[PDB]
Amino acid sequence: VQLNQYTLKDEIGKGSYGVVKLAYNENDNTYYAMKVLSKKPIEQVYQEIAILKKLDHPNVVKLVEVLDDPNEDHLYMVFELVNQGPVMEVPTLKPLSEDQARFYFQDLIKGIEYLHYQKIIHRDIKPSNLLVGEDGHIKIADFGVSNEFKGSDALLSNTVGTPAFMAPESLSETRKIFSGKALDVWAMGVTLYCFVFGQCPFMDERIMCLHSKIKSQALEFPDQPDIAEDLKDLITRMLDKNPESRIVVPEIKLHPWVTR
């Protein structure tokens, strides 16, 4: 299977919106990650492309080129390959050590701060969208449901993303307006909890009960593994159900657990 200079190889991931295949560029003897889409709706794809084109940061995946033939049902987004893949699988019985979690969380902070400075809300932060690069550092992937805003913050009313990572203020049964940056912070807190415990803090196979726990169940830390108190403080602050008192990224950067 060829597509201009690219040979499609085996699958390497299903994010949101498509499937990703390893791809060999015969012109430069280099592997890439190719997202393949079947037109099934397409406005959102070209907004992801437009967002990706604006971004250039070591902790954000790099869109290389787009292959769109109007006579083809398939549309191809070529990314730079992130050779080591997602930072971890959730759930797992072998979570990261605190020191490993901090190393990756520092990259996540820098990438989110950059995205927000670029006026992008990611909306799907989770470990499987955090890819480990050649040098061991994280690259944030999958902008399939990201939002671009004008002004100081996004003012949003739509519910998108991965259910276990959705912030409780996005789960009102009344299309209320909520702000964007705090959504990414919440998902960062669920992500950090996942790093050290290997499962999400709020879990239910019944989607109604999952929504209800995100919105109303107090955060509980397992007895094991035994994590430091300042890490518990940081996670608690990011998983503040009230978005107005939830910790903000300029504070996360300063948090004692982050800086030691």
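In this text, the rigid core denotes the largest set of C-alpha atoms whose superposition between the two forms falls within 1.5 Å. Numbering starts at 1 and follows the sequence shown.
Comparing the two stretches 235-243 and 5-13 by root mean square C-alpha distance in 8 other deposited structures of this protein, with all structures fitted on the core, the more displaced one is 5-13. Rigid core superposition in 8 other deposited structures of this protein puts the Cα atoms of one stretch, out of 18-26 and 247-255, farther from the shown form on average, and that stretch is 18-26.
Counting the deposited residues that fall between residue 206 and residue 207 and carry no coordinates gives zero. The PDB entry records a higher mean C-alpha B factor for 26-34 than for its counterpart among 197-205 and 26-34. Relative to its counterpart among 80-88 and 113-121, 80-88 has the higher mean temperature factor, C-alpha atoms as listed in the PDB entry. Comparing C-alpha B-factors across 210, 49, 192, 231 in the deposited entry, the largest value falls on 49. Residue set 142, 184, 134, 98: peak C-alpha B-factor at 134 (per PDB entry).
Residue 240 sits in the lowest third of its chain by CA B factor, as recorded in the PDB entry.
Among the modelled residues of its chain, residue 215 has a C-alpha B-factor that falls in the lowest third, as given in the PDB entry. Per the PDB record, residue ranking by Cα B-factor puts residue 74 in the highest third of the chain. In the deposited entry, the Cα temperature factor of residue 138 sits in the middle third of values across the chain's modelled residues.
When all modelled residues of the chain are sorted by CA temperature factor, residue 126 is found within the lowest third.
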